[PDB]
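Take a look at this single chain in structure tokens; it is the form deposited in one PDB entry.
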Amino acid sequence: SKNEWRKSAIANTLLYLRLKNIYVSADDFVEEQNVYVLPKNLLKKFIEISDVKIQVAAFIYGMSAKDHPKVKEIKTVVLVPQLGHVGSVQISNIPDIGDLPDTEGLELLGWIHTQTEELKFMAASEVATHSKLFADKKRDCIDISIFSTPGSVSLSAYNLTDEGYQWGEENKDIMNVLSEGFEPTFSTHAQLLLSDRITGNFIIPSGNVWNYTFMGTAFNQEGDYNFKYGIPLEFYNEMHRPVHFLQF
């Protein structure tokens, strides 16, 4: 049937319950390298607006404190026009947010996204997309991968090596079967800390819609889009589905 989504849409209502089980990938703390702090409220919201099956992604912007130049607090999650799939997501370009208020000296720290396959390393659609977005622009951009599954969410932060990037540049496209040249060693654990003592916020497209699944013709993947602070829409929000209200 067409209505695969109906079942998923009902599912996403209970997606808030997955946040009684929040797991963060941890290893030995190294003060020689960075630590990324993700405000807990942003996580809670970002899951609440995600799908159970289809990938959902955003950029993260943040900045260092004075106390420690290596503690990068994430301040803002910028949700942008995009077209999700199972196991991959097509994302529009790094947003221009320069002209918004309170954006004084934010760094683009990277991206954050859902997935339905728990791994210990960045996968091949991840590496393709990570290179697509950041290859020629900002190499240190991390990837925060969220493994979201019934019961729980599990966060995992990665850097990408230059071999990773190069390999990703080679792959303009990714197929289900080809799986050529891939390495789990392409990516490296990055230090992520979830904190509840700082609260971050969202920046959303000005049109308000971030989910161009049911509008896949109008999705401009190099679109010059506008943005504002604001509360992000849910994945199957009526506005992401003009078409279903036409049948009715």
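By rigid core we mean the largest C-alpha set that fits within 1.5 Å across both forms. Sequential numbering from 1, following the sequence displayed.
- Remark: stretch with higher mean C-alpha B factor among 6-14 and 20-28 is 20-28.
- Mean C-alpha B-factor is higher over 157-165 than over the other stretch, the pair under comparison being 157-165 and 74-82.
- In the PDB entry, the Cα temperature factor peaks, among 101, 95, 87, 110, at 87.
- Comparing the listed residues 62, 207, 184, 200, the entry records the largest Cα B-factor for 184.
- In this PDB entry, the Cα temperature factor of residue 56 sits in the bottom third of its chain's modelled residues, the lowest group.
- Ranked within its chain, residue 215 lands in the highest third, by CA B factor from the PDB record.
- Ranked against the other modelled residues of its chain, the C-alpha B-factor of residue 148 as given in the entry falls in the lowest third.
- Among all modelled residues in this chain, the alpha-carbon of residue 120 has a temperature factor (C-alpha) in the highest third.
- When all modelled residues of the chain are sorted by CA temperature factor, residue 48 is found within the lowest third.
Unshown form deposited in another entry; subsequent notes refer to it.
- After superposition on the rigid core, displacement of the C-alpha of residue 109 between the shown form and the other one stays below 2 Å.
- Superposition on the rigid core between the shown form and the other one places the CA atom of residue 133 less than 2 Å from its counterpart.
- Taking the rigid core as fixed, one finds a CA shift for residue 174 of 2 Å or more between the shown form and the other one.
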